[PDB]
């Protein structure tokens with residue numbers, strides 16, 4: 001109340017918890033526990049009792065945080081403060097906690113755990129959004145709606161088809177973020193400058209024991225491999241290769257929400273549940289998507305000036321940039337989830353706009369109809385052009401409705417097509433392959449993509 005609190009955590013509690021202090025130091029302890037287990041397996045002198053005391057004390061409490069804070073004020077080393085504090089509650093382990101490791105054994109491996117786990121929180125939520133939009137697209141596959149290019153009237157599309165543009169961008173995000181998560185390895189045990197010198201000495205020169213230790217702690221946290229070559233840290237390029245995809249997802253969210261905000265002004269599509277309504281979720285979505293787009297630059301700059309085996313100018317920036325990116329991404333997915341469940345469509349508003357704009361785009365159909373009934377193209381083209389100009393002036397210069405079809409209905413020249421005119425201007429015949437395109441897309445791209453998330457009800 002007397003200090004600034006980031007609105008990004010005050011938000012799913014699950015993502016917020018992932019990047020909480022309790023989780024950070026708890027994960028350090030899990031790392032210390034598992035290092036001990038793996039070293040003990042490889043023959044180092046670590047008692048059973050040491051393991052049991054550590055296993056039971058993986059979670060910090062406020063009293064221990066106070067011991068840690070006080071130790072840290074003294075020596076100004078957060079990792080050693082927490083080595084010490086772990087040792088007060090697991091006295092039997094006090095001498096072997098962190099054995100052989102450098103600071104990054106916990107700070108960096110925890111961060112890789114949070115990237116991986118954080119991505120595992122995002123991915124089912126993204127799949128949920130994709131699924132709800134896909135249902136919406138299917139439902140509205142063949143509802144004609146005015147096309148827009150330059151945000152000006154254009155060949156009709158369908159409400160469904162337009163939604164598949166949104167879905168297609170999100171499918172690439174699913175692709176990109178699944179890769180980013182699957183590409184992640186474990187730093188494991190690497191030592192102060194990445195040479196594993198302390199662990200090699202610990203195992204009395206046994207290279208295979210060092211390699212086995214690295215593989216073991218990797219396996220214990222569910223990672224597919226240990227990084228083969230590092231300095232002190234995992235490469236900060238890895239942060240860029242995760243937040244890059246996140247920034248692209250930001251652009252996707254921003255476009256989708258901007259589209260709905262335009263459609264809401266047009267009273268055609270609105271957010272789920274008053275005559276006047278503001279697309280507030282979409283506006284919030286855009287606002288935070290923009291943050292996700294900007295924050296990526298931090299990772300590029302950080303990676304670009306990491307000198308040699310590591311410089312510490314990565315640390316403070318990453319404590320901000322990594323949690324905020326994942327919190328923001330998580331808030332966006334939650335917001336999109338709320339938006340996509342029950343989008344409100346107004347077919348009669350959509351239909352009205354089509355009736356006001358389509359006749360200016362149907363003038364070639366009229367010519368074709370006249371010619372087929374034995375008329376002259378150049379004669380019809382000129383007549384319909386005159387009437388189009390007149391109707392255009394009523395709209396723009398008189399602020400009236402489009403009376404082009406009335407003018408045709410009143411002009412005896414068009415007698416050979418009066419009978420077919422309503423069929424001739426049937427919006428369903430103007431949407432090209434839009435409905436078929438939806439069908440193929442949902443079957444060939446969306447459903448295979450959603451298949452690994454099928455357990456989601």
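The distance separating the Cα centre of the range 39-65 from that of the range 301-353 comes to 37 Å. What's the FRET efficiency of residue 389 with residue 411 using the Cβ-Cβ distance as r and R₀ = 22 Å, to the nearest 0.05? Rounded to the nearest 0.05, the efficiency is 0.95. If you take the alpha carbon atoms of the chain and fit the smallest convex hull around them, that volume is 204 Å³ per residue. The range 255-296 to the range 361-383: how many Å between their Cα centroids? With the range 255-296 and the range 361-383 each reduced to a Cα centre, they are spaced 43 Å.
A simple packing score, the average count of other Cβ atoms within 10 Å per residue, orders the peptides 362-372, 379-389 as 362-372, 379-389, with the highest score first. Packing here is the average count of other Cβ atoms within 10 Å per residue, and on that basis the peptides 391-400, 442-451, highest first, run 442-451, 391-400. Considering helices alone, the calculated mean residue ellipticity of the chain at 222 nm is -21000 deg cm²/dmol, with DSSP H runs of length four and up weighted by -39500 (n - 2.57) and normalised per residue.
Taking other C-beta atoms within 10 Å as the exposure proxy, 326, 148 rank 148, 326 from fewest upward.
A simple spin-label model places the labels of residue 454 and residue 273 3.6 nm from each other, with each point 7 Å out along Cα-to-Cβ.
Each residue in 340, 12, 304 was given a count of other beta-carbon atoms within 10 angstrom of its own, and listing them fewest first yields 304, 12, 340.
Against the compact-protein benchmark of 2.2 N^0.38 Å, the Cα-based radius of gyration of the range 376-416 scales to 1.20.
Each residue, residue 356 and residue 62, gets one label point 7 Å from its Cα in the Cβ direction; the gap between the two is 6.1 nm. When the convex hull of its Cα atoms is viewed from all sides, the range 6-99 shows a mean projected area of 6.8 nm². Put simply, when 404-410, 131-137 are sorted by average Cβ atoms within 10 angstrom per residue, most first, you get 131-137, 404-410.
Read-outs throughout are calculated quantities, based only on the coordinates presented, and are distinct from any laboratory measurement. Here Cβ is always computed from backbone atoms with ideal geometry, including for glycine, and neighbour counts include all displayed protein chains.
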